[PDB]
There are 2 protein chains.
Amino acid sequence: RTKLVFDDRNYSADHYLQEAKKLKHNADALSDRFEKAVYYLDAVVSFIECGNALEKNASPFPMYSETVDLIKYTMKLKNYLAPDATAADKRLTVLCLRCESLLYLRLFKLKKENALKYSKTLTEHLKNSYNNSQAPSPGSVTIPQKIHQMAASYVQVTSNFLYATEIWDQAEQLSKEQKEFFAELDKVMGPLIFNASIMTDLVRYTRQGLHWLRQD
Amino acid sequence: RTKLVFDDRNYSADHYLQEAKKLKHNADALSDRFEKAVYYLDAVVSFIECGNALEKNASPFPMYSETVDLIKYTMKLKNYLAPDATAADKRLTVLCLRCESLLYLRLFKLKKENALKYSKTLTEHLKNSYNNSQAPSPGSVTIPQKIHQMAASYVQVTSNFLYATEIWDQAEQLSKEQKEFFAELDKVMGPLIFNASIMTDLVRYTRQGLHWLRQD
């Protein structure tokens, strides 16, 4: 067993993008699904590195979103639920799901401000509009279109961590099935922490796991 | 320094409630704010223990919600932002904010199912209702009241982890100001993990911190 030693020379968001694109076009031009997915996942981490480098001198939202799309494509390659699925396929899938979960959670986190005060005004008006459509009794609803767009966007950015939570839990569950591989990987890297691991932690974790997979 | 040894005999949700209520009525009848808050926080953990015991033979939602209310009351006692605020006040506040954060996150988590498919239907209709209020051009909005109630509830349960995230981050920030006390507490208990620590982990963590505070 060997641990990657990691270069601290942080580059420009541009450098990681041609890295990612090259790994990805390397993936695009190969036969064996497994092979493809590995390179796709390597491409993915370079894409993540690029987004991280955007966040250093401030927007990474599009880059991250499209990266989660490339992760779903990749997972649909050697589907871990297939009955022939190998341990390698399942470990690959786990790494994919960690990247996808924490990516979703970052996509959210970029719009946390929006989400919070949107929640305030929305809670207020989703009571005003309702109290005003019901004639009192002594003894469809119509909303301002601003309120409507604010509802649309609130659901938009809250969806991202609904996905993050659910996918995080799939990663944990499927990880129990490769308890040893991921026990050792958590040993040498430290385990990923939902809400605490930054993008560089994820990048290195994923790189190390990809390294062991390519070594078999 | 001494670590509490913890009793594994899990009791009924009823047993913890009269424990909590007794600690709380002990708090209610004392002068010194600090004193009060300590007992309030002890009351709180018994209240949490009670809610946990509800979850064992399946609803803890009300109990948890009202407990977070007792936590905000308690924090409004020796406000850590006061200029006379002691290290003890600040540590107490940190413990309060962990309980409040993870309580919010559980309140959410109880309704995760609701939230997810609500997100689906809401995203669809928040496009149907909008595409149908805008006359096309070749070259306020009205919604079903079911959709309206679903929007209200979706915002309701997503608010809970918006709070959980924000309060979690306040706890981290204020924790940097008592880095050593909480470094040692994480040492002997293991640190609380957002999204991973279960209620019993929180109970024991908080109990241990309360123990050191009462020892000064």
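Residues numbered from 1 in each chain as written, not as in the entry; some residues may be left out. Chains lettered and ligands numbered in written order. Heavy atoms only, no water.

For this coordinate set, the PDB header names X-ray crystallography as the determination method and states a resolution of 2.4 Å.

Under the PDB entry, the name given to chain A is AF4/FMR2 family member 4, and the organism recorded is Homo sapiens. For this entry, the PDB title field holds "Crystal structure of human AFF4-THD domain".

This part covers the overall build of chain A. When helices and strands are counted, chain A shows eight helices and one strand. Overall, chain A shows an N-to-C arrangement of helices and strands of α-α-α-α-α-β-α-α-α. Its C-alpha atoms give chain A principal-axis dimensions of roughly 80 × 45 × 35 Å. Relative to its full complement of 216 residues, chain A shows a buried share of 45%. Total accessible area on chain A is roughly 11,200 Å²; 51% of this is exposed by carbon and sulfur atoms. Separation of charge centres in chain A, based on 29 positive and 26 negative side chains, amounts to 5 Å. (Helix = DSSP H or I, 4+ residues; strand = E, 2+ residues; numbered from the N terminus. Buried < 20%, exposed > 50% of the residue type's maximum accessible area, 1.4 Å probe, protein only. Areas by Shrake-Rupley, 256 points an atom, 1.4 Å probe, with all protein chains shown as cover. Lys, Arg positive; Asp, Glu negative; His and termini not counted. Charge placed at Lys NZ, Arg CZ, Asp CG, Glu CD.)

Opposite the 33 residues of chain B that make contact, chain A presents 33 residues. Surface buried jointly by chain B and chain A totals about 3,000 Å² across both partners, of which 69% is contributed by carbon and sulfur atoms. At the surface where chain B touches chain A, the tally comes to zero salt bridges. Summed over the shared surface of chain B and chain A, the number is nine residue pairs in polar contact. In terms of residue count, the dominant contributor to the side of chain B that touches chain A is helix 6 (residues 145–176) of chain B (15 residues). Two strands pair when backbone bridges link them, and strand 1 (residues 141–143) of chain A and strand 1 (residues 141–143) of chain B are joined in this way by three bridges, in the antiparallel orientation. Among the inter-strand pairings, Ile143(A) is bridged to a residue of strand 1 of chain B, identified as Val141(B). (Contact = heavy atoms within 4.5 Å. Buried area = accessible area lost by both parts, 1.4 Å probe. Salt bridge = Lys/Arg side-chain N within 4 Å of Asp/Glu carboxyl O. Polar contact = N/O pair within 3.5 Å; in protein donor to acceptor, adjacent residues only side chain to side chain. Pairing = 2+ DSSP bridges.)

What follows is about the state of the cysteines. All chains considered together, the criterion is met by zero disulfides over all chains. The structure places no disulfide on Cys50(A), whose sulfur is separated from the nearest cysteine sulfur, that of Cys99(A), by 15 Å. Note on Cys50(A): relative accessible area 3%, which makes it buried. The thiol of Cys99(B) is unpaired, and the distance to the nearest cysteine sulfur, on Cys96(B), comes to 6.9 Å. (Disulfide = S-S within 2.5 Å.)

Here we take up the packing of helix 4 (residues 87–109) of chain A against helix 6 (residues 145–176) of chain A. Residues and elements named next belong to chain A. Orientation of helix 4 relative to helix 6, taken along the N-to-C sense of each, is 155 degrees, at an axis distance of 8 Å. It follows that helix 4 is roughly antiparallel to helix 6 by the angle criterion. Judged by the sense of rotation from one axis to the other, the crossing of helix 4 with helix 6 is left-handed. Contact residues: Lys90, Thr93, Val94, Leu97, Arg98, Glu100, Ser101, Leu102, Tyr104, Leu105, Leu107 and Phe108 in helix 4; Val157, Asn160, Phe161, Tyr163, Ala164, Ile167, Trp168, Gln170, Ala171, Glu172, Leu174 and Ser175 in helix 6. When the residues that make up the contact of helix 4 with helix 6 are grouped by side-chain class, the tally is 15 nonpolar, five polar and four charged. (Axes fitted to C-alpha atoms, helices over the stretch in contact; angles between N-to-C directions. Parallel < 35°, antiparallel > 145°, perpendicular 65-115°, else oblique. Left-handed = near helix turned anticlockwise from the far one by under 90°. Nonpolar A, V, L, I, M, F, W, Y, C, P; charged D, E, K, R; others polar.)

Both copies of the chain are related through a single rotation about an axis accompanied by a shift along the same axis. Under the fitted operation, chain B is carried onto chain A by 0.0 Å of movement along the axis and a turn of 180 degrees, and the coordinates agree to an RMSD of 0.0 Å. The superposition of one copy onto the other is thereby described by a two-fold rotation axis. Rotation axis and chain B: the residue whose C-alpha lies nearest the axis is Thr142(B), separated from it by 2.1 Å. (Least-squares fit on C-alpha atoms.)

Another point: helix 3 (residues 61–75) of chain B. Residue and element names in this part refer to chain B. Compared with the 21 Å implied by 1.5 Å per residue over 15 residues, the 21 Å span of helix 3 between its first and last C-alpha is a close match. If you check which residues of helix 3 are buried, you get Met63, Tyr64, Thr67, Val68, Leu70, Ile71, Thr74 and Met75. Mapping the buried residues of helix 3 onto a view down its axis gives an arc of 160 degrees, with all of them on the same face. The inward-facing, buried residues of helix 3 abut helix 1 (13–28), helix 2 (33–56), helix 4 (87–109) and helix 8 (199–215). (Expected span 1.5 Å × (residues − 1). Arc of directions from axis to C-beta.)

Turning our eyes to something else, we now look at the side chain of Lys36(B). Mapped onto the fold, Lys36(B) is located in helix 2. Apart from the residues lying within four places of it in its own chain, the contact partners of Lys36(B) are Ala27(B), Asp28(B), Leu30(B), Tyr73(B) and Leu77(B).

Position of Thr142(A) relative to the elements: it lies in strand 1. By relative accessible area, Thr142(A) is classed as partly exposed at 45%. Considered as a pair, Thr142(A) and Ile198(A) are 56 residues apart in the sequence and their alpha carbons are 43 Å apart. Here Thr142(A) is in contact with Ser129(A), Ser140(B), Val141(B) and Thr142(B), once residues within four sequence places are set aside. Polar contacts involving the side chain of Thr142(A) include one to the side chain of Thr142(B), which spans 2.8 Å.

A few words on the packing of aromatic side chains. Tallied over the full model, the rule gives 16 aromatic pairs over all chains. Considering the side-chain rings of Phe161(A) and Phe161(B), the 4.5 Å spacing of their centres and the 75 degrees angle between planes classify their relative orientation as edge-to-face. Of the two residues, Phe161(A) sits in helix 6 while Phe161(B) sits in helix 6, which places them in two different chains. The class for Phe161(A) is buried, based on a relative accessible area of 5%. Each ring, one from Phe181(B) and one from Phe182(B), has its centre 4.8 Å from the other, and the planes form 75 degrees; the classification is edge-to-face. Accessibility assignment for this pair places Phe181(B) and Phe182(B) in one class, buried. Feature note: the residues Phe108(A), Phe161(A), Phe108(B) and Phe161(B) constitute an aromatic cluster, connected by ring pairs. Sitting over the face of the ring of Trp168(A), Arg98(A) holds its NZ or CZ atom 4.3 Å from the ring centroid. Note that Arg214(A) overlies the ring of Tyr39(A), its terminal NZ or CZ placed 4.8 Å from the centroid. (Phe/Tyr/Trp six-rings, centres within 6.5 Å; stacked < 30°, edge-to-face > 60°. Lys NZ or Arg CZ within 6 Å of the ring centre and 35° of its normal.)

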